[PDB]
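The letters A, B, C, D, E, F and G name the chains in turn, as written, and every chain counts its residues from 1.
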Amino acid sequence: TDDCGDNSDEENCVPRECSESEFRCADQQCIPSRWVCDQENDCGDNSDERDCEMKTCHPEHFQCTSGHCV
Amino acid sequence: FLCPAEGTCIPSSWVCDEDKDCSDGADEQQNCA
Amino acid sequence: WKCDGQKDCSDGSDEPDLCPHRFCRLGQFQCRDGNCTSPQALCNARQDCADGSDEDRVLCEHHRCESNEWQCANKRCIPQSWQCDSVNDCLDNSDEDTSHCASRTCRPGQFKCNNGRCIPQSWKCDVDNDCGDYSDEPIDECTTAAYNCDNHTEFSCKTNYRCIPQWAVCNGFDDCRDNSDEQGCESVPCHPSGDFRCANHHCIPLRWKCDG
Amino acid sequence: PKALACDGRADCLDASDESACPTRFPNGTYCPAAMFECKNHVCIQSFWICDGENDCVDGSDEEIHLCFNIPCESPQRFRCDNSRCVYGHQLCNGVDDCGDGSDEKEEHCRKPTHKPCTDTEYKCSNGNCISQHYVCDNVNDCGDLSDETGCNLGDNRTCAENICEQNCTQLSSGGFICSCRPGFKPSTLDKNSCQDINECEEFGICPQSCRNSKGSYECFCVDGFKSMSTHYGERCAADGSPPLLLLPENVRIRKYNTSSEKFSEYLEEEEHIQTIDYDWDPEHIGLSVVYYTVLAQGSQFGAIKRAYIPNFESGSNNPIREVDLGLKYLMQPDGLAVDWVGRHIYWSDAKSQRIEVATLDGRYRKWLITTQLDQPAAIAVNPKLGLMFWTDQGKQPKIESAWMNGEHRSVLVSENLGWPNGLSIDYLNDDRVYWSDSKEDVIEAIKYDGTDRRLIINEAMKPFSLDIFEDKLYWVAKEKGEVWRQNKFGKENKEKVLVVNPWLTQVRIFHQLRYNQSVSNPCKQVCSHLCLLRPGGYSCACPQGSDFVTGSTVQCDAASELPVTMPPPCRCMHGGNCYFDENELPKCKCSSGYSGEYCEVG
Amino acid sequence: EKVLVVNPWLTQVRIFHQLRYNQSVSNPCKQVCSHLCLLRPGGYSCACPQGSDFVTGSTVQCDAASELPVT
Amino acid sequence: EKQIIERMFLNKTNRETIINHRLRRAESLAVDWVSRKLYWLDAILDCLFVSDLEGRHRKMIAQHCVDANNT
Amino acid sequence: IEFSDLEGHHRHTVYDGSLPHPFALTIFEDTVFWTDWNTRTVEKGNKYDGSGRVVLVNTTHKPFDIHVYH
């Protein structure tokens, strides 16, 4: 986000490393891993909401026939 | 002489004459060894 | 300069009545058959005119050149530093002749190698093998007190006895042959007003900003 | 500068500094007798007369009546048959400098005999005809390290006693100097014995093949190609209908006749098409199937879609109906390849960093390569070799090869590469692979094992894709939006084919010979789900997220899905209009002069 | 409403029809000027080619030489 | 850039070129108001020249080294 | 900037190494004037201690060989 007004902070910028419990969208953005396959477009391009039946999810969830988790 | 790399059957007069007749040259390196 | 458009002499003998047609432009030698060539073509032993008049005996008999050049017995002039370098700058190897390259002396201010090269006096004891015979680098003598760097202006290399001027420090080029002068340029501060700091820690003159 | 006015030389570009001046001499001449006088008062050196250079800006230098009478000499200036003495450098320079192509014809070119040796000369290596006295003087006079061949001293010898194999020369003091007869080279040991050359090995010797023989070679066109000779030389022409180009843009895919030069519409109204590939005439119905990728747009996933293509002549008479394979979760499907033999489709996804395989109907998805891919692009497959090849155009570019089953992955080229965006294989020249760069913008080819790297085309204006067919290599300059062509071995020069759009993302050549149809499927129906290929055989595999049944290697615990059939296509030919009834089956409103259910009867 | 889609090389759309411009508009110029007869509100105005001026304030004749029409 | 030495009056007239030959690389010049002589340095020939203000009678007055040690 | 007796004795620094890149200098009355390459400026100040330093002008091109005409 811009915090200067002339956007000089967000320039010459390399995307940060995602930490242990984050997931990295195709556009190099980091989101909480809980948000993958939760039925919401959290990356903005649905990069989080795919291959969902090819993985399991945290034991407190129920997994849909389509592999999404609630 | 059938050299394995092609499956062709060249005349036996071409064996051990220092000419690489077929691709693998089995008439030189495989027979005259 | 004789027989052209402009009268150069005060007397006017520059342009006599018996003057041939001028076929060439100004400041250019004219061949006897009307061809044109540059003045440097005169008496360089490579015939350039159609008649070879540029190498005529009468013309080249008493040819002389500038103080910064040396003349071979062939009567072709080459820069003074192109003697005794194992390169055939003259045609007849008069520059590289062994009797000459033994007997010759350097012009004032230059050091002589056993090879027969002359070099700048500064080139003596600077690690670089300038003479080819390492005559400019006597290790026993180069490491004595007589060749200490001028501490007002020169920076001393770490791993050898080379001294380089301070303005060569972290300029982005290996000047010490061990990269000593490019170490830790981050600590080097630019002059407060005259320099512009780069993305790297080099300081360049401000006049070089946005020059293209 | 004013000093350059009225001084004989034209110093204005238009010569206007000379074209209006007083007379120079007291008889009205402008120039000395030594110079020529152009009619625009320009002075010019005499020997510049009609040398081909437009010297007088007026053109007075190049009048034919003057040109004919100028003295000339063949090595420096020669008469062209239009009475113009062309400059000798301009013979065979690549340009018709005179208007009949005399200064380009081969007869004054080449060599009549190439200065052949007599008894007074010496052959040296292979024709360096200097005088004979080089014979075994123990000096490398020829320059080529072949001046001394044999050369074993001793006066009382002649090799007619069978000391050397063939074609000696008499040594004055050693009996034999024995250079090899043409088509042979001397062996290291026993140099008197000559080894036959292998002329099939040398790159680009013939359009398709070769047959090494005793001191000679013979080359031929393989099955399906006919021998033809161009003005240059050999061409193996493909039989059947002429090859087509398929041009995918972000909105449509366009067909092109490379023989007729007319476009065809094909698929339209689509959006975000990236790469295509086809499968030639599976059902023998006379219609191939074209597969194409679709990118993710906005917040929506892409697709892989397939549709029929008429092999015959059709346009605006057959509506094109595309279908979706149903591969969800697709984002940047940027490499696509169709395996015609095993009936599998391979693709890469640039977002997901992986290579996937599935059937031609989208069933049984399986991941093949999942690790150490940065941006996988431009996959290709060779069932007749059992290898499939992909490029990576990420931060450390590489070209790799692996078995179709997913094993024996290895790196082919990693040295000196930048954005290898496109990839193609020559099935006739040793399965040699081509790829196109975008940073160094070269096109390069290499053997399939990764040996003999060669830079085939230089300064290719940032190529983006390739196809190789019928001895020529086609590519797309992406920015300029032009399709370009060369002889596939890098010889001769480039040539513009046609210009489309900056939206052009690929060129794919469309012909039955592109992908050899007579390759036999190794699978023997013992494998459920996928039956992948490998060098010399097959391999059974399970879909993603399922394993084999324990103690079995041909059966998996996953279920099976029925094949997904094609909708019936519009098969109308010769401009007959397709039609849909209450049954929604495609039928024909056939044109005049033709009969049949569609238009099949003349 | 979307009409059609083409390459991003498209630079302009222009309607090519007779009624786009009133073809029957009368040319007000009276064959006065030696060179240009430009229009102005309710009439015309003569002008010389670039660099050439009117001779002695004739306001119809310029110092420029007249040039043949190109067909 | 032209490798010439010019002169002109301060009222910006009678501009002329006094030296135009063998001026490989001139660096600095000084005009002698007393003896009406012109002194200038050449960096290529490594010399100090002298001439009258009209640019005639050129003479080399220094070359090579200065100190007794030739340092 | 430094000055000395005409025989080279008794040197005194006016500016102690604070000038970017002087090229030519001239004197009149109490004032040194000099042209500076790095800043492309013409500057003046007291000829003995460098006090009252003032920038006179600053040009696009480098200045060379300033002279006081008097």
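As a working rule, a residue touches a chain if its C-beta (ideal position, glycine included) is under 8 Å from a C-beta of that chain, and two chains touch if they have at least 3 such contacts.
**Student:** What's the farthest chain from chain A if centres are computed as the mean of the Cα atoms?
**Tutor:** F
**Student:** Quick check: how many Å separate the C-alpha centres of chain C and chain G?
**Tutor:** That gives a centre separation of 33 Å.
**Student:** Once you find the CA centre of chain C and the CA centre of chain D, what distance in Å lies between them?
**Tutor:** 51
**Student:** Between chain A and chain D, what's the gap in Å when you average each chain's C-alpha atoms?
**Tutor:** Result: the chain centres lie 45 Å from each other.
**Student:** Which integer distance in Å separates the CA centroid of chain F from that of chain G?
**Tutor:** That gives a centre separation of 24 Å.
**Student:** Would you please name all pairs of chains that touch?
**Tutor:** Touching chain pairs, listed by label, come out as A-D, B-D, C-D, C-F, C-G, D-E.
**Student:** Considering the complex alone, what residue numbers of chain C touch chain G?
**Tutor:** 191, 193-195, 205-207
**Student:** Which residues of chain F touch chain C in the complex?
**Tutor:** 22, 44-47, 60, 63-65, 70-71
**Student:** Of all residues in chain G, which touch chain C in the complex?
**Tutor:** Residues 19-21, 36-40, 62.
**Student:** Would you mind writing out the residues of chain C in touch with chain D in their complex?
**Tutor:** Within the complex, chain C contacts chain D at residues 21, 23, 25, 33-34.
**Student:** Enumerate the contact residues on chain D facing chain A in the complex.
**Tutor:** Answer in residue numbers: 296, 298-301, 328-329, 331-332, 351-352, 544-545.
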